[PDB]
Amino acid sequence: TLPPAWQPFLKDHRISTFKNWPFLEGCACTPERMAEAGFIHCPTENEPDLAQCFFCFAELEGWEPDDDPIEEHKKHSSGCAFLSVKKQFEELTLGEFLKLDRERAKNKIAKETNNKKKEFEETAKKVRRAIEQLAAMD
């Protein structure tokens, strides 16, 4: 085994996350193919087919059977290093592997940051409106 933080680098681990996935034999986006593309299954009450790239953290829902997960990952996050990684896990050098984990860490932060921004912007609008409402009354 490997530390939990690193398991997602492994196809077999990612495939294991797709339990309860509806798109199985006959479909283009099987868990094998989803896993090959970098995805983890992260289902919610609201979107129960929600998947996340483990590396760049793009989230995608609304899957259909004919969908090729690589072509979609490419469409919705063309900046994802993992799509450039040609070698298998065991064929990576530790330097290479450590370089990738750093990038993934940067990606994660980027996603957290951009979230906080969107949330902060949302609160700003609320607060601004509220104070306009207070001017408006007189």
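Residues carry their position along the shown sequence, with the first being 1.
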* Structure fact -> For 74 to 82 versus 106 to 114, entry-based mean Cα B-factors point to 74 to 82
* Which wins on mean Cα temperature factor, 45 to 53 or 88 to 96? -> 45 to 53
* Would you check the entry's CA temperature factor for residue 19 and let me know if it's in the chain's lowest, middle or highest third? => highest
* Asked: Can you tell me which third, lowest, middle or highest, the CA B-factor of residue 38 falls into for its chain?
  -> lowest
